[PDB]
Each structure stands twice: as C-alpha cells, then as structure tokens.
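**Student:** the data below comprise the sequence and an experimental structure of the protein.
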Amino acid sequence: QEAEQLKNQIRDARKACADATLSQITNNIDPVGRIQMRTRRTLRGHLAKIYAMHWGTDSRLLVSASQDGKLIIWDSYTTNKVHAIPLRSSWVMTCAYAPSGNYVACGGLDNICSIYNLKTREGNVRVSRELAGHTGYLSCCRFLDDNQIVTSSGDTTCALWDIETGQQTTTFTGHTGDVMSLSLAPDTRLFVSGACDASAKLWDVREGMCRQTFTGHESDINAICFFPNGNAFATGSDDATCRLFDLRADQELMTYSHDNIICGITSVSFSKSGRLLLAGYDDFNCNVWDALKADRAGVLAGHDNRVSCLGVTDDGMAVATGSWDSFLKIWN
Amino acid sequence: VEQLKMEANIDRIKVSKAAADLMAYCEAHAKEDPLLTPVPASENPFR
Amino acid sequence: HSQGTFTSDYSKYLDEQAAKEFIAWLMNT
Amino acid sequence: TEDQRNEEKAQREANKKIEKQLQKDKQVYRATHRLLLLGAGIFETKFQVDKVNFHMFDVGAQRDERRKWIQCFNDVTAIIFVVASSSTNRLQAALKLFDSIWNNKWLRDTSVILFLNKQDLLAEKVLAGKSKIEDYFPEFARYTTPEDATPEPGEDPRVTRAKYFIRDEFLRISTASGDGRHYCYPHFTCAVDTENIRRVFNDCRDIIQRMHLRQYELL
Amino acid sequence: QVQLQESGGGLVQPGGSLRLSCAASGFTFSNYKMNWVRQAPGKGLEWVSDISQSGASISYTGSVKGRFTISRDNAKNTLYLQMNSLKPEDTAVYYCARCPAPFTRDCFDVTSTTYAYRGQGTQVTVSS
Amino acid sequence: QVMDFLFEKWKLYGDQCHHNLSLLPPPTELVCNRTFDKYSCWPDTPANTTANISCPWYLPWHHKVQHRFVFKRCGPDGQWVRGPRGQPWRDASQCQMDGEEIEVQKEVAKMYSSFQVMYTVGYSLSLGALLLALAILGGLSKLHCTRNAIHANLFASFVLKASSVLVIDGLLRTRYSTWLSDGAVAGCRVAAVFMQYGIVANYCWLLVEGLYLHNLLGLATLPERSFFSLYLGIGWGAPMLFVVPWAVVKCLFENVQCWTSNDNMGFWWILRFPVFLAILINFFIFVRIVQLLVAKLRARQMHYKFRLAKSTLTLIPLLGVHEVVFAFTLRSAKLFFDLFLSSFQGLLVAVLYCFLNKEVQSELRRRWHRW
C-alpha cells in the first residue's frame, strides 16, 4: 500500500506539536465549584421513549422526537405543546429546528428525511418535502438555513441537500461504519462527523472531501458537538470517555474520563462560553465536566432511564435533557 | 486516499498556544455564561 | 367480618357494665 | 397582563386541543403490539388476530452491522427471530446473533420468539451431504432425542433428532444468562403467514401477562 | 487508533500445526472480548472462536472444536490461536476481531462489510 | 340497650313508689319512714317489726328469678341500719347479681382489654406505615400510573378505616369514664356512620383491586381506557349506597345512645352484603390467578416451583380474602387469631406493595444517593 511513510509522518507531526498540553497549562486555573442545577420544568406528555431533541434559536421553543410517531414542539417557558405532528414512520431517530424557525425536519429508520412546514398559512401542519436517496437509517440531520439541510445516515455517508428540489447536492463519503451524529460549526462552512470507527472526520460543506480525520477514541462514537469558538469540538463515544479534539492542532487535548463510569456517552454539548461540557451518560445521569481541567463538577440525575439527547440553548440560560422515560426535563 | 493527502499538507499548530486559545476564549466570555455563574431568579425565565 | 361483630359486642358489654355502676347509686345513696 | 392573557389563552386553547388528541392516540398506541422481524443475516406489515393490532416492523433496507439500530427496538413486545435451519453455515451465524441479542444491555428486557424455518429442506439436507449437520455440529452425531415429546407425525426418527437438536442449541443460549424479562419461545414452522400468526398471538399474550405479574411481584 | 496486526500463517502441510499472534495496539486490551473470524475463499465470513476479558467463557464453532485453542495475554496485549491437526477445509484468511464495546457480553463482528475493529488478515493454506 | 331499659323503668316502676305515698299514712306516728333512696319502697309498718320487703322487677338482673325475700328492720323514728350510706338503708342484698354469674364480672374486663390492646396497637402501627406509604409511593413521581392509583387510594381506604376505629375506641370509653350529655350522643352517631363507612370503604375497595387485576390479565394487551371513573364510582360510591340506607334506618327505627350496638339483625345484613359480596367475588378472582400462576410456572422456566408459587400466594390474600378463618359465639382464641389478622391487614399491604417491591427499592436508593 506504500502508506507507511505516510503513516509515520502525521504521527511525528502530532508529536512535534504536542508540547505544554492543556492539562499542564490549566494547573493554575481556579476550579468552578460544584454547580447546583435543579429541574425547573418537566415537559411530560410523550408516549414512547424520547430519542432526540433540538433547541430553537429564540431559546423558547424546543422540538422533541420519540418512537410513538409524534413530534412535539413545546414552549419551554410555559410548558405548553404548540404543535403535535403525527409522523408517518414511528421509528424516528433525530429532529432539527430551523434557525429561521419556519421548518422542522424529522427522519429516522425509514431512510427518509421529512421536512415539515410549521409556518403554513393554513394551521394544519404538513410535509414540505420528502428527501430520499439514503439507504441506511438516518441518524442526525441539522439545518444550515431554510434551503440547505445536511444529514447523516447509516450507510457511511453524509449528504448535503437542497430542499426546494430534493436532490443530494453534495455527498460526503469516506467513513467506515455507521455515522451516528452531526454538529455544525458557528460559521456553518464546516462540520465534524463522528461514526462507528473511533474517528471523527471533519468535513467541508462546499467541497465533499474530508479535511482532517481525528482518531483518538477506541469504540463507537455516539455524539459530537462543536466548541463555541469553532476551533475545537468535544466527542462522546461508547468508551465511557469524552475527548476535546482540536482543528488547528489535529490531536486530542483532554480526556474526560472518571474511573467509575462503565457507561458510554450518548449525548454531549458545551455551554454558551464552553467552560462546561455537559455529557449524557448511560448510567441515567448527566455528568457536567469542567472542560478546562477535566474534573467532574456536577451531576444532573433526575431521570430514571438513559438520556438520549441533551440540548443547550443559544443564550446559555437553560439545558434540556431528554431521556428514554418519555420525560424531558429543563435544567438550569 | 485523497483525504489522507489533504490532511498532511495543512499546517499544524503547537498545543501550547492552542490550549491558551481555548483558555482565553473561556475567560473572555466567562461573565456572559449564565450557567457557570448563577443568575438571580428575577431575570431567569425558568422560575 | 369479625371486626364489626367485636365492637358491637364490646359496646353491648360496656352498656350493661354501666348497669351495675348505675344500680350502685340506687342501692347505696 | 390582560393583553398577555388572550395570547396565553390562545396558547392554552391550542394546548387543550392537542392534549385532547394525545389521549385519543395513547389508547391506540398502548393497544397495538409492535413486533420486529429479522432473519439470519416492505418496511411495515400490519395484521390483526382476535381484534388486537399487530405492527410487524420488518427491517431489511438497512446494512448488515446492527449494533446501533437494534437499540431502537427495546420497547418492542417481542422480537421475532427466523432462522435458516438448512444451513454456508448460516446456522452458526444465526446462533451467535441470538447470543448478542439475548445478552445485550438494552435488549435484556425484550423477549424473543423463534421460528425455525427451512424445515422440510433440512430433511433432505441430512441425507445429501452438501452442508451436513454433522459437518458443522459433530456433537449431533452422539446426540439423540432429548425427551418423549411427541414430534409431528409422518416423520423419520433422524429428522426429528435434527430439528430438536437445533431447539435446545438455542435454549442453551437463553437459559444460561437469565436476568430480565426475556423469554425464548421456540416453534417449528415451514412457511410464514399461514397459521403462524396464531402462534405469534398466543405467545405475545404470555409476554403481556408475565409483564403484569412482574409489576405486582407475583413472578 | 484501533489496529490489529496479525502474524503467523503461511503454507502448512495437512495434519500439521500453526500458531497465530494477533498483536493488538491502540486500546486497553483487558476490557474487551476478542474473537477470531475466518473467511474461506469464495465464501462468507464465519465466526470461529471467542474469548472473554481474562478468559472464562471460551467457545468455538463445532467444525474446529477440540482442535483449536485460543489464548490471550492481557499484559502483552496479544491474542493467540493455536492450530492443531489441520484439515484442508481450514484453508482460509483469519481475521482478529475485537468486539464493538467494552465490559460487554454481546458482539456483532461477523459482518461482510468493513468492520472497523477487525485486522487486515493473514492467510493459512494446506498442501498436498 | 340495658341502660335504655333501666332508666325509663326506674321512672315508670319507681312511680309506684310515689304511688305508695298516696295510700300510706304519714309514717311518723311510731312507724317506719318512707325515704327517697330510689331502691327501697317499704310501706308503713308497725314499730320494731322487720317488714319483709319484696324485690321490684325494675332491676334487669331479675330475669331468671324476679322475686326475693329479705326482712327490713328499722327503729323508733324510721331509724334503719345505715353506716357509710347517708340514706336509711334496708336489709336486702340477696336480689343483686348472682354469685354464679359473678365470675363474668371483674374477670373478663382484662380479657377484653387483652384484645383491646391488641388491635389498637396494630391499627396505630398500620397507619404509622400507611401515612408514610403515601409519602413514599404517592408523594413521589410514581403517581400517574393506573396500577399505582388503585394502590394509593387503597392505602387511603385503610387510613379511613384505621383512624375511624381508634377514634371510636377512645370516644366510646370517654363517655363511659341525671343522664348523659346530649353533646356526646350526636357526636357518637356521626362517628359510628363514619366508622361503618370506612369498613365498607375498605372491603369494597378490595373488590376494585381484584377486578382490576382480573381485567388486566383477561385482556391481550395494555388497556386503552383506564376505567378509573368506573373504579372510583364502584369503590367509594357503593359504600354510600349502603351505609347511608343503614343510618337512616338506624336513626328512626332503632335509635339508641350510640350506633355501635347492633340489636336487630334486619339492618345488619344490609351492611354485611357489600362486605360478603366483595369477598366471594374476590375469591373467584383469587382462584383464577392461582390457576394462571400454576400455568406460568410449570412451563418455560428453569425451575423452586413450590417456593415461588407460595411466596406470591402469600403476597396475594392481603389484597384478596381472609375467608379461611370464616369457615374454621366466637371462640376467644379464634377472634384473637382473627382480629390480629383483621387489624394488621392494613400494615402488610404497606409492607409488600410499597416497600418490598423492587420498583421503589431501585428508586429509593437513587433518591438516597443524592440526599
């Protein structure tokens, strides 16, 4: 294969820049203390297990998906269902709220991303378009704007679409195994992608080719999320650890791993400033990791089943952690 | 195989100044995170 | 159903137990 | 406040209508039975036996590695497992897949029904020698009929030694690690969708009845 | 980087013996099951054997039971399958295959697709 | 009963003592004086003559023998023999309670109090856990389940039974510790229908739990409609169909000083018929679950069978029947083995279906890991 001279070159490229790491610098940084967060609300009313949720840009309306075939759009302030959409396929696996607020996308095991139109002049909600072309199960779709949606399927492929025509504009291929999650950058020109091969591939939207491939994990990667600066991203896996990678350095920086956690992270998201790193585990908890000293400084233990999704508002005022008990709490 | 060539020609940055980059951004936006520093219950809508 | 049979018997026992109490007033003073 | 009250009431007027629809949908979601039909290595089929709604969700448009999308099927009442007992060596792949479903972290509360298909083609498989049962399972050559359980009439003593050997081969997997509410229901079938839905309904009743007896701690 | 370097293999006369060494580097080796999956030429992938973390439930497929022994060393991060009394039907390429996740008792690694935690594969052959 | 008969007859048959004042001359002229001692009705007699005073039938201790003979002697000016008694007392004491019946007096009062301290420490230990059973099961997040809601109100339907009895034990003794005050007569009757409510509100609520579990297993899936308005209506409404027709028959036909004493058996079977039906139906439900649990244990398991088919058949009849002590005038030991079970039945339902179930043991350990 003649890739050995290319196998060693990046390995010494990571070693030549691995000087004075993040653990050595933040020895002088003061800690944050134990952070008491209590369940402010409890948005009960789902039937089956909540599998995904996404916050609005207005930080008031959150959409949630579950296996019963419903797509509720709650109001987080008043605990009121603004819409309840009857889905076609029951086994949905992700949901996304458009940054304009007009549309909501939800597609799962039926290999089809369905764009719903909540801004319909007629009150009844309806499917705007019905994307198709993927073969595997759909894992995570997110909205760029009201015209472009990039999704992640289980056939080792990410695809960038245009909604008005229903065509794959750009198909991102190069992964091995099922792609599990997705997270857009704040400039929305790049996005990282974690798959079931212990590698989180960073993609370019307007190109279709992997910019850099980061591999420091050792099991299936279940969730990913950018840093607010856009120069880094955390990554949760089934390894029961989180790893804060870096774009400009192309190596891992921290390793958020305690000794007692024998349970894979299913969801991970930063705070508004990125000082905290809220991660949703499989032991029914949400361990808040201080993302600069890698010491756990908080536990959100309200649920009695495993947390599926974990969203943080755009202004940093609340945290919603859905779970498999059909209950979606709103922490603070 | 083309993805492996285009990740080698892009430059790499030492993690000393890359960790101080994330240390500077987390302290320039520290007071505007209303989860790290707790907010009073008057200006908190989830009360 | 022996609970209702008990307190009907316990009250009827305590009823006539007051009858010797009450006849103590008549015979003595 | 009063200008904020009517918009709150209109939000309340939509919430009460939405809560009205969910109570009409909860009593039909909790009344239907979800299934799952996967083989040894159309997406939704709905049938009904004795006024009970069955939702046999059939996967098969997905890929082969199934460690991620089978976690969605933990709330399913029963996972229908159909094997190809005629085989190359599809039987060992069906056995190791059953070991991974039974000992899964999230599927250890979901029972599994078995449908040992390819039945009559196994009768000629033990005589031809293309894929012999002794070639992949040589312990069958010393294994005999386990008990005096009556087989189907019009059969040979060799072929009923074969298919009952496939039965307790799977019962060795299930009875070894019992922790949860899973129960293995083996059956001997030849073709699907002919009298087998009675065998699914009679066994899906026993998962619901054992679910309520577990709630009262009677079992 | 999860990589499973495999050694051994080659041409061995039938009835002889051979030893394979799965050199695993890139993970905590004492936390996962480890399997051996073989691929006969022109046939699909077939599961051969498996071993626990320290080794307590060792199983084999029935065609090679009693002839192959799988052993692991959690201090050297190396997995050994000892071949003995070879048959011509054992002519296959043999893949070391870790299980998907840690501290678990359920693996899904017989898949024909590019499983991510499976080695490159070494080839064993029989002669006349 | 006996007090109701004695108080009227002491005025009615004691009016004959006032009738003695009419026919008798003034007894100061060397005769024996007639005094108002409310027991002696001796007429005028010659001086120094022990007049044999006949016993009246007004005393209720003279049913087997309503006559006695004792001489009543007095002195010069009506000077009867009187010591510590301020009134002139005659010499007649053979008309009291019988010495053969004297063993029933001052000897069984500890035997009732041996049983009286048995169930009231069992009822207070029942509500000592049942009020905590609402704080554990109902007070926490497990409150919206239909199965939990029947178990929650069955706890409240034992608190309604337990707290009504311990009040009516203490209320009945405190009026028994010029006739009695009418402020306690009306309070006793509104606490007796409150106690008789909670008895029927107990047993008929066990009919709810028996009919909920039999319907839950008779179906083929989870139930669509919760039937909760039917079970609240058949459970709290059906005692009001019976204890209110019982009270209005008690109030006019056989009104006495307290509504605990049951004299006529005509309007007592109208308070037993909801209790007797809610055991006979809850036994036919009980034999169906045993017929079901013997089928789920003789198949499809690696059984240990004779243990778990009796370690849960012990866990049933505290939600089911105590009919085995009905077919076994009550023997003192018998009701001692029955009122022990009847009082402690409310405690055991709080032990099994609120503590020992692992649905809350995994929950209470999680809540204690934080606190």
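**Tutor:** Perfect, thanks for sending it. Numbering: from 1, shown residues only, chains lettered A, B, ... in the order given.

**Student:** contacts, neighbours, all on C-alpha from now
**Tutor:** Will do.

**Student:** please name the nearest non-neighbouring residue to residue 33.
**Tutor:** Chain wasn't specified; assuming chain A. Using Cα to Cα, 6 or more residues apart in numbering or on different chains and skipping residues adjacent in sequence, the residue nearest residue A:33 is residue A:297, 6.5 Å away.

**Student:** oops, chain E please
**Tutor:** Closest to residue E:33 by Cα to Cα, 6+ apart is residue E:52, at 4.7 Å.

**Student:** residues near that neighbour, how many?
**Tutor:** Counted with other Cα atoms under 10 Å in any protein chain shown, the neighbours of residue E:52 add up to 20.

**Student:** now for residue F:242: which residues touch it?
**Tutor:** F:270-271, F:274 (Cα atoms under 8 Å, 6 or more residues apart in numbering or on different chains).

**Student:** specify which member of these is nearest to residue E:61.
**Tutor:** residue F:274 (66.1 Å; Cα to Cα).

**Student:** tell me which element residue D:80 is part of?
**Tutor:** Residue D:80 is located in strand D:78-84, with elements delineated by DSSP states H and E.

**Student:** say whether chain F is contacted by that strand.
**Tutor:** No: legend: contact between strand D:78-84 and chain F by Cα under 8 Å from any Cα of the partner chain is lacking; minimum distance shown is 12.5 Å.

**Student:** who does that strand pair up with?
**Tutor:** Strand D:78-84 has the following strand partners under DSSP bridges: strand D:32-38 (parallel), strand D:111-117 (parallel).

**Student:** just these: most buried one?
**Tutor:** Each of the strands paired with strand D:78-84 was scored by mean neighbour count; the highest is strand D:111-117, a mean of 22, by mean count of other Cα atoms under 10 Å in any protein chain shown.

**Student:** where does chain C get nearest to chain F, residue-wise?
**Tutor:** Nearest residue of chain C to chain F: residue C:8, at 4.6 Å (Cα to the nearest Cα).

**Student:** just checking, the residue nearest to residue E:33 touches residue E:70?
**Tutor:** No: Residue E:52 lies out of contact with residue E:70 (Cα atoms under 8 Å); the separation is 10.6 Å.

**Student:** which neighbours do the two have in common?
**Tutor:** Shared contacts of residue E:52 and residue E:70 (Cα under 8 Å, 6+ apart): residue E:58.

**Student:** what is the burial count for the residue nearest to residue A:33?
**Tutor:** For residue A:297, the neighbour count with other Cα under 10 Å is 16.

**Student:** residue contacts, whichever residue of the stretch 201-332 of chain A sits closest to chain B?
**Tutor:** Across the stretch 201-332 of chain A, the shortest distance to chain B (Cα to the nearest Cα) belongs to residue A:249, at 4.6 Å. Residue A:249 makes contact with A:14, A:17, B:12-15, B:18, according to Cα under 8 Å, 6+ apart.

**Student:** test my guess that residue A:271 contacts residue A:317.
**Tutor:** No: between residue A:271 and residue A:317 there is no contact under Cα under 8 Å: 9.3 Å.

**Student:** in the chain, which spans are helices?
**Tutor:** This is for chain A. A:4-16, A:22-25 (DSSP state H).

**Student:** looking at chain D here, not the other one
**Tutor:** So, for chain D - with DSSP H - the helices run D:2-29, D:90-102, D:120-128, D:133-136, D:159-174, D:196-215.

**Student:** roughly how far does the closest residue to residue A:170 other than its chain neighbours sit from residue B:6?
**Tutor:** Counting by Cα to Cα, 6+ apart, residue A:170 lies nearest to residue A:160, which is 5.0 Å off, once chain neighbours are set aside. As judged by Cα to Cα, to the nearest Å, residue A:160 and residue B:6 stand 21 Å apart.

**Student:** between the two, who's got more neighbours?
**Tutor:** More crowded of residue A:160 and residue B:6, by other Cα under 10 Å: residue A:160, with 23 against 13.

**Student:** ok, the residue nearest to residue A:33 touching residue A:256?
**Tutor:** No: Residue A:297 is beyond contact range of residue A:256, at 11.7 Å (criterion: Cα under 8 Å).

**Student:** identify the contacts common to those two.
**Tutor:** Contact with both residue A:297 and residue A:256 is made by residues residue A:289, according to Cα under 8 Å, 6+ apart.

**Student:** list the buried ones in the longest helix seen in chain B?
**Tutor:** For chain B, the longest helix by residue count, based on DSSP H, is helix B:15-28. Residues B:15-20, B:22-23, B:26 are the ones in helix B:15-28 that count as buried (16 or more other Cα atoms under 10 Å in any protein chain shown).

**Student:** and stretch A:202-215, by the same measure?
**Tutor:** Buried residues in stretch A:202-215, counted by 16+ other Cα under 10 Å: A:202-205, A:208-215.

**Student:** out of the residues you listed, which is nearest to chain D?
**Tutor:** Of all those, chain D sits closest to residue A:215, with 19.9 Å by Cα to the nearest Cα.

**Student:** list the contacts of the residue lying closest to the closest one once chain neighbours are set aside.
**Tutor:** Nearest in space to residue A:215, with sequence neighbours left out and distances taken as Cα to Cα, 6+ apart, is residue A:199 at 4.2 Å. With contact taken as Cα under 8 Å, 6+ apart, residue A:199 is in contact with A:213-217, A:221.

**Student:** could you do residue E:87 as well?
**Tutor:** Taking Cα under 8 Å, 6+ apart, we find residue E:87 in contact with E:14-15, E:126.

**Student:** tell me the SS of residue F:46?
**Tutor:** At residue F:46 the chain is in coil, as set by DSSP: H, G, I helix; E, B strand; the rest coil.

**Student:** give the burial count for it, as a bare number.
**Tutor:** What residue F:46 shows, counting by other Cα under 10 Å, is a neighbour count of 13.

**Student:** look up phi and psi at it.
**Tutor:** phi -70, psi 160 (degrees, to the nearest 10).

**Student:** so which residues on the stretch 201-332 of chain A come close to chain B?
**Tutor:** Contact residues, the stretch 201-332 of chain A versus chain B (Cα under 8 Å from any Cα): A:209-213, A:229, A:248-250, A:253, A:271-276, A:292, A:316-318, A:332.

**Student:** can I get the strands paired with strand D:78-84 in TSV with distance to residue F:113?
**Tutor:** Converted to TSV, the strands paired with strand D:78-84 look like this (distance: least, Cα to Cα, whole Å):
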stretch	distance to residue F:113
strand D:32-38	59
strand D:111-117	57
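
**Student:** out of the ones you listed, which comes closest to residue F:25?
**Tutor:** Closest to residue F:25 of these is strand D:32-38 (Cα to Cα; 100.1 Å).
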